[PDB]
Structure formats: C-alpha cells, structure tokens
Amino acid sequence: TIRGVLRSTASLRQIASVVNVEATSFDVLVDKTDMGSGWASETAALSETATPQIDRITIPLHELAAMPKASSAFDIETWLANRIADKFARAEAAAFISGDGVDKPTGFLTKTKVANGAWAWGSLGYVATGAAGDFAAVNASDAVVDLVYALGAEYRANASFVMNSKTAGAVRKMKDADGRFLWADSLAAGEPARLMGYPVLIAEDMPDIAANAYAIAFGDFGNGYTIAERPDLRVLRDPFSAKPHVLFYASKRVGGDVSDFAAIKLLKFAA
Amino acid sequence: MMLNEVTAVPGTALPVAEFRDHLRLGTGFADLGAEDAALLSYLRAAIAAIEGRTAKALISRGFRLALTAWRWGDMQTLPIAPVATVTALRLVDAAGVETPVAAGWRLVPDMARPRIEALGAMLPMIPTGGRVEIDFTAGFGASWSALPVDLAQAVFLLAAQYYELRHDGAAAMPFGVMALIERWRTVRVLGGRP
Amino acid sequence: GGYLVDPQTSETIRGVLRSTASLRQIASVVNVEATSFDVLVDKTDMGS
Amino acid sequence: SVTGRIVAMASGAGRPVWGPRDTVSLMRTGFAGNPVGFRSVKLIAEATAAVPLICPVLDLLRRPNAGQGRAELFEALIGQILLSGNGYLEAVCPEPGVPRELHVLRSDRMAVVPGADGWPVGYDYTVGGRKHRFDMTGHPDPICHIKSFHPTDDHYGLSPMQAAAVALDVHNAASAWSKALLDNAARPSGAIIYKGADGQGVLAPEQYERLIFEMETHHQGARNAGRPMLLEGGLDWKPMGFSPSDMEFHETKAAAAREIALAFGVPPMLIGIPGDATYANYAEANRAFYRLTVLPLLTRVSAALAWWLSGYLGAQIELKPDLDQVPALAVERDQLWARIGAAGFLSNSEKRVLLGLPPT
Amino acid sequence: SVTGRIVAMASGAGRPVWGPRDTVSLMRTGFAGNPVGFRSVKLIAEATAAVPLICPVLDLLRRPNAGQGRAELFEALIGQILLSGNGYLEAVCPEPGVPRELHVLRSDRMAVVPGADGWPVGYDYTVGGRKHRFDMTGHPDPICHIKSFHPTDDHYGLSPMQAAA
C-alpha cells in the first residue's frame, strides 16, 4: 500500500455553518442595526422610530480544481482519489481562514479589522496583548481571558478557539511565577482540549505569533462564518487528451465569508 | 521531425593542415596552399558521409529539432547521438507565440540512446497545430582533438579516397573505412509499434 | 429592503421565432449513409 | 461490522468509488462485438427470466413498470450482472408499502459510496456530469445491490466477461483477421513475366492492349480454364499460389470461442460452438446448464429480492426458484418419481409426502 | 424513473435519437446477401408465427389488416426484431377499445424521442425527409416498442446480426 505524508485535517469545516447550495451564489441577509425604539412620551408625536437597514452578503461559490496526470501493485484510481480529496479538504481550509477575494473564498482574517471598543459592523474586533513580539510579560493569559469576555454572552454558548499548533504551544508554555503551567498543569496531562471552558481548533492555516499577526481567533462560527458549498466531487476519468497520462479531472465548488461580524474576535499581538 | 543545423562547422576547426600531412602532398614548397580550397571540400564531404552512416555528429555544432507529435508518450529519443546540454525545448504555438519551457524534462546522456525522458510522466503537451522545436548541441567535442581517433581516422581514410579518385571508379583492409565505422553505427532491431 | 425581494423569471429561455419552410418539404430526401450520392438521369431520348 | 469502520476510511467516506474504468468497453467489444459473448449472456438471461418463482410481492414482479415486463426485467437485471458484476433495482414508492415501480439501473453509470461503517450510504447514478445520490441512510434502502462474488474488491462484482477478457480479444481479432485477409490480399492466379532482350524492358501500349485482349477474352474466366497459352521469346508465365489457404487461426479461434463459453458457464453444446462431445444428448447439457450456471445464479438473485422487498413489507417473505415444472429438469424428475414410485413397500400417502404431493 | 429524468437532459429532450447507423446496410449484406443469415431469420420468424397463443383480442391478431395475415404479421414483427432489435406496431383506433388495425412499422425509418422524464414521448417515422411524430403522451400509447436486450443503450435493442457482423 502506497504511503503519503500525513497532513493536518482540521479545517474549520466542522465549526462553521455548512449550507448546501445549488445556484451560483448564496445570499445571506443580515440587518446592520437595531429597531431604535424609544420610551414613548404621553404627549408627543411618536412616529417612525427607525428601521434596520438590511444588507446582502454574497457567497460567490467559487470552484476548486486540481488536475494530476496519471502517467498493478497499488492501484492509482483509489489512491489518487484518496489524495485529491485530502488536498481539497486542506486547500479550502486556507481559503476559509486567510483567503482573499479573487476566485476563492475570503477568509475571516481578511475583513479590515478594527480594535474592539470602537467596533462597527463592517469589520472584526480584536484585543491587543501588550508587547509586539509575544504575550504580555507581566500577566500572560490576560489577553486570552479578556478576548473571551470581550465577545458577547449570546455567542459564547457554543464558541471555539482557532489556532495553529505552535500557537497552542505558546499558550501551553504559559506558566505562573513558580512555573506550574496554567493550562494542563503537569507534564503528564496532555492536550486538555477545553481552553477556558471552550473547545480548541488547531487549524494550521492561522498565522503564528509575530509582530502584528492575529494568531488566535475565538467565536461562534456557526453564526459567524458561512461555508456554502455543493457536497459532490466531480470525477472526470478522462481517457483522452494524453494517451501517456490519464490526467484525471477533479473539482469541488465551494465559497464562503463571514456572515456575522460580531461572532469572531481576534487577538492582536501588539499594543 | 526535421532536424536541421543552426550553425555549421567553422571550417577552421577542421584539420586541413593535418589532412595535408596525411595525403603526402609536399613539405617545403613556397606555394603550399593551392589545395586548401579543395581539401576541406573533401573533409566536409567525408564527415557528412560518416555522420549519416553512424548517426553521430563529430564537431558539436548546434542543432534544431523541430517536431510536432511525440514519438512515444514520454521518451523522445533524439537522432544525432552524442549529445550534451539540451538548450531549449521552446514550445511554439499554432502560430506565432514561442514560449520556452523548463517543463520538467530531463536529459539522459548516451551514445546509443540520447533520450529526453520527462520526469512528470508526460512531456509538455503540444498545442494542436504547432511544433515543438528543441535546440541542442550534439557532438563529441568542439575541436578536432576531442574526437575518438579511430573515427577521425575513418574520415582520413575516406577523404583521402575522394581526393585520389574523382569520379566513381572502382578499385579489403583489416580495419578499413567500414570496419572503423561499425562500432559507431546504431544497432536497432525494432520495426514494431513501440 | 431592496435586497430582500428578488424577481421571478420565465419558465423557459425563449427565442425569436424564425421560419420553418425550407424546400426540404417539397424536394425528395433519401435516407442514405455514404460520402456521396449519384442520381441517374437521361439527358436525351432514343431516336425513333 | 466491527471491522467495517476501518476499511471505510482508507477508501474515503462520502466520496464515490468507481472501480473498473474499462467496463463500458467490454460491453461494446465483448457483448456487442462477438457472437460467442453475445449468445452466452442472452442464453442465460433468457433462461433465468423463464423460471417461475415461489412466494402479493410477485404482483410487483409480474408488472414492474410501463414497457418492461416480468421476463423483460430479469433480462435487464441478470444482463447487468453477467456484464458488469452488479445488479441494481430502484424502487419508486408513491405508496408506503410494496412500491409499485422497479427499474434496472445500469451499472456502468452507477457508483458506490463507502460511508461511515463500511457498508454503503450512497449510490450515484452519473449520466453526463449529472449525479443523483441515492441515500442508504434509512430503513427501506431504495436500491438492492446484487454482487457477484469478488474476493479482492469490497464493493463490486467480478463480471465473468472480465475473466474472459483475453479470450474475447483473441476471438474478436482472429475473426477480424480473416475478415481483413479477405479484404486486403492480392493473390494473382499467375504472372506473365516479360523481361525482354535486356534484363528490363516494358512493352508498348500497342502491345499491352494486345496482351489484355488475348487475356481478357481467351484465358481468364471459368469458360477458358486451360488454354494451351503459347509463350514466345521473352514471355513466361509463372503461376502463383496462395500457400495458407484455409484455416487462418482456425483452432485458436475455436479454442477461444470455447473459453468464452467456459467463463459464463454455458456448455459448448447449447451455444453451438464446435468441439469434442463432452455432454451426450441434450438431456444432460440442458440439465447441466440449469444446475451449474442458471439456478445457482437465480437462487442468489431471488434471495436478494426476498430480502430487499421484504423490507417494504412487514412480514419477511421467502422467494426461491420453483425447481418444478421447469422442463429442463425432467431427467431429474423422472429419476426421482420412478425411484419412489417403484418402491412398493411404503404406502400411498408415504410417497406423496416424498414427491411433494398434498396427501389424500 | 428518477434516474431516467436525469438521463433525458443529457441526450436532449424533444429531439430524435437514432441509434445504429449501419442497420440499413446489415440487412442488404446480411439478410439479402448470404443464405446462412437469410435462412436463420426465416427459420425463427416462421417458427414464432406457427406457435398458437392463449388468451376477442385474438380476433384482431387473426386478421390485423388487408393483405397481412396473422402468420404474416409475426413474420414481419419478429423479422424486424432479429434484424434490427426493435419491433413496432401501429394501431389505428376508430373505435376506443381493441383497435382493428395492426401494422409492423419497419425499424430502419423509426426513431425515438426521449422526452422529459426519460421514458419516450415521441416516435418518428422518417421516410425520405418526411416525418410523422407519433405521440406517447397519452394512455393507449399507439405503438408497442418491443426491445431486444441491450445493456449499453437505453432506447433500442441489440439485434443479433450486429453481434455477428
């Protein structure tokens, strides 16, 4: 049996809202503001209090394609089908997190972030850690806990952290003034998988800790990020074009950006 | 598959001053140069005779192999045998655009099978209605001294013959012209499809 | 509110209607499979 | 079932598994191409449709759908099993119980989905670029999937044509050898060699039209067979032959035509191929045909209809071949009635219970 | 059924599908050409006409039309099935029940139409360049289409002469 390198599988697919769509695009419809109702006066005109301005966000439903040429110990049809499904499960994971606008789903990091407390609708909110290189030196994890408690109590019913491996490394490297590992205290524990009472998703397409990078996200992505897709995978078992190489054609179409800008909060490693 | 030459031999690389030593013309005459215009006319006529019977090259001039469809799915054996450093597999289009391609092709050197085998299991594809010319410099060496000497002798046994008899007049050696050539000819036994 | 409402389309992609009379109706067609067909006519009649 | 989860992940859950690519080309080259592969499947599929069944449910089988009768259904069903190792039956249920439509989905355009626990969750009818994704994540499970035995594959059948796929290409090409030999061959019945005074010399078009007219009129044809043919100086007649005349791959075609009939299991006597007398007198070879390759095939498909269709009913139903009033088994029925009928020691009702009669 | 609806739109709804190209040339070269292919069809088509039937309706079958008897009908019917894998029977119904005309339509000049849901809506009798467009969008369905078994095609038969070509 032919082996391959085992890549990361966690993909933000299982915590975001997966919607089977059949058309060319998926239009989510979110109001931007409140009703604005006031307490009425007993002798006043009292008319036209306000109306929420709605907004259509378009999931463009892009397509993803990989085209390998095939060029009896192991059987290529099953193996290449088990590799290209993995690559389509992994290459859309980068687009879900840091994809840009052109021909691919725009990830939640590329949505013009604004510091929380001055949060408006068109952006995502972040909280600063302190010094630019890493977590704060005096009190580590204060950035983590106020990232949790600067989101909103309705979305924190089912919210999760999104990191890569070597940011969860730097989280588990946090220790008290005796060096006793605030998260998973002993050297015998392991991954506790319940950071601050919330699950952790190790998604490798997140950036690592840098001068300004947003290496930790937290949110109810079921309301936040909408993955609209078509469930099938095209299989053109092509017997033409090149006699020498089969050149199988496999494509899945998928789209997605943020549906709710209030659900996702980011951790900026700066001041 | 056309296989023309980009540049010919310079002529100054041919050993006219040594071929004159071979043919026993004369040593110390004051003229010494009445034959220079014709001696290299027979050296180019004897090399080109042995370049076709052996499918070798002998001066390492640059070639251009303009072909359209690949002979086999990936291999593409080149005709002129002693090769080195295939320059460019520029892939022309149906008309006009010529895009040179690194393309992930290799070169397998051999005097018998100078292949151009591809590594991605398929050579770069060919725009339908367009050719794929390959520039490559194939031969033993740049100067005359870098040749195998027995093949260099087979030029001197042959070009001396053209100098000594002009028309086709009939006239057995252990290692003649032919017996020196035969370890440089191409020995093939395939008349098949692949 | 303008994004909330979307138009209804037709059930079929419809086209401009062009004529069907083609002289195929009045000439004589043959069910043939070939690369050519050879009619056999008599330019003149026998002398009587 | 406990190991079912391990094989499912390797293939990849939720994704279609295709199996053999060249399945559609064995149909055009091995069933629409040669008569031996054509007759062998048509001989079996028209035999399994003719066998009655023993149970309501058979009211569906008698009239499955419009334009596709009872006997026409099993020809389509078994005709996919012999061709591509897989049989498929879609059931359309407007009504909750005993769905009144059956449709043989062809197995070229059908693909399996392994699912979670290894047993299938999806079947995909893929025509053009269009899929359907039938669902097996329910209780009625709308498609029965009849597998021929395949030891190496976990999801499809073996399709006896695949086992004879070399012997089909021998029989297709040996038969096309003699076709293109009758179409590309120049035999002459001779050659009038004209050398001349030189080693070479043509003859003038005056002389050449003279040579045709004495050859056209006086020497060719049946009616001029054997004229004494004066040859002057220079002329000479060398008669050519045709040294392999009959029998161009005649036995290797006749051996490959038997190995095709071997794989589907028909005897050589039934299909009509020539060969040594193995079976004797058609009371055997027709009885061998309905015992080694028809009734084992029919009792395996009817056992899958007995279980898939009972999932729509409440009570489970058995459904087996009759193995009675099928007129190829009369030599096994003479032999069993005359054995017990001649046993005069045991009484009358004691042998009605043996031969299968209701006792009186 | 459900699969059929998808199959239609691949080939094209409302447009005729022809199938075999050479079936007009296998008849002249395989049934009027050699005695073995001639006798083989004549041996079968004259055998199926001789077999009696078990049921009114058979009064139609005994006398279908003028100049085309009971035994002559099945020779024409099976003689199209053995030659081109398809049998056709036009019924002319002045009366609502048991239509008093049967006609074996030759399968060279007949073509199917897949229609919407994959099961046929039209049959097209094309002689010369002239068509008829029989309609199957009703209950009596005026043509019975007898198919020989074909595993690869969805609309025609296999015609054993094609296997012996």
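Of note:
The first chain written gets the first letter, and so on, giving A, B, C, D and E; residue counts start at 1 in each chain.
Convention: a residue touches a chain if its C-beta (ideal position, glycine included) is under 8 Å from a C-beta of that chain, and two chains touch if they have at least 3 such contacts.
Taking the mean of each chain's C-alpha atoms as its centre, the chain lying closest to the overall protein C-alpha centroid is D. The chain pair with more C-beta contacts between its two chains, of D-E and C-E, is D-E. Centroid distances from chain E, each centroid being the mean of CA atoms, peak for B. Mean C-alpha positions place chain C and chain D at a centre distance of 41 Å. Put simply, the C-alpha centre of chain A and that of chain D have 55 angstrom between them. Pairs of chains that satisfy the touch definition comprise A-B, A-C, A-D, C-E, D-E.
By the touch criterion given at the top, residues 72-74, 120-123, 125 of chain B touch chain A in their complex. Across the interface of their complex, chain E is touched by residues 24-25, 27-31, 33 of chain C. Per the touch definition, chain E reaches chain C in the complex via residues 21-22, 24-25, 108-109, 126-130. Those residues of chain C that touch chain A in the shared complex are 1, 3-4.
Note for the complex: chain A touches chain C at residues 27, 29, 54-56.
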